[PDB]
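Asker: Experimental structure and sequence below, a few questions after.
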Amino acid sequence: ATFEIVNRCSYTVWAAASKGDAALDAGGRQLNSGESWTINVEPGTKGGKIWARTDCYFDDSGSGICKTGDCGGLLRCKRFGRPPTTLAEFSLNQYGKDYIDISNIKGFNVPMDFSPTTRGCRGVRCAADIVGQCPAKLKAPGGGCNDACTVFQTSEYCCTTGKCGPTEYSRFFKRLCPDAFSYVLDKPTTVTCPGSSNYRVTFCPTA
């Protein structure tokens, strides 16, 4: 499956792609404003994620740091990134279908659209100014808007027991972005696509 990753932000981002225990394609790359990077993701990939990292520095060996979404200091991510990170999430070729969503469960850093480039399903988008409107207690000093689990580490926010409800904090994310997951047990906003669809992830789709 091909994913074209497009940076429409006015600032540079460092795209990342991982399934948690391995890189997808090269795992990461710098995208200047306007740049597009196309990666290939193996069919059957379960629990894949794509995200943006901001304010990164890497040396010539590809080691460094990012202010949001850092994946163990690597340019080429092999693991998931440090919150806050808006997440494009996907599982491919699962009994004949693909499943896609956007999630704010790990917070929000950069607005995103995640859409198929092939027929048979709709895209999803979370492009509101979540960082600008972020509740004081969730603001990440390093940049972005943290999820409540990251900030407070309670069973209720982290849904540790599989029993949790919406919260004042989850409702903030849901109000700004109805089409993204706002907490673990949120009413799903997952889209079912034909198996083996192709996709485009666009950062800052409306600006």
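Answerer: That came in fine, so what should we check first? Numbering: from 1, shown residues only.

Asker: Distance-wise, check the residue of the chain most remote from its centre relative to residue 25.
Answerer: In the chain, the residue that sits farthest from the middle, by Cα atoms, centre = their mean, is residue 60; the gap is 26.3 Å. According to Cβ to Cβ, to the nearest Å, residue 60 stands 21 Å off from residue 25. The C-beta positions use only the backbone N, C-alpha and C, and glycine is treated the same way.

Asker: and what of residue 122?
Answerer: Residue 122 is 25 Å from residue 25, by Cβ to Cβ.

Asker: More neighbours: which of these two?
Answerer: residue 25 (18 against 12; other Cβ atoms under 10 Å).

Asker: separation between the more buried one and residue 63?
Answerer: According to Cβ to Cβ, residue 25 and residue 63 sit 19 Å apart.

Asker: Residue 89: which element?
Answerer: Assessed by DSSP states H and E, residue 89 sits inside strand 87-94.

Asker: no, scratch that, I was asking about residue 51
Answerer: Using DSSP H and E, residue 51 falls in strand 48-53.

Asker: From the chain's centroid, how far away is that strand?
Answerer: Distance of strand 48-53 from its chain centroid, counting by Cα atoms, centre = their mean, to the nearest Å, is 5 Å.

Asker: again with stretch 106-120
Answerer: The answer for stretch 106-120 is 8 Å, by Cα atoms, centre = their mean.

Asker: and if you look at stretch 56-67?
Answerer: With Cα atoms, centre = their mean, you get 20 Å for stretch 56-67.

Asker: Quick check: residue 66 touching residue 72?
Answerer: No. With contacts counted by Cβ atoms under 8 Å, residue 66 stays clear of residue 72, the gap being 10.5 Å.
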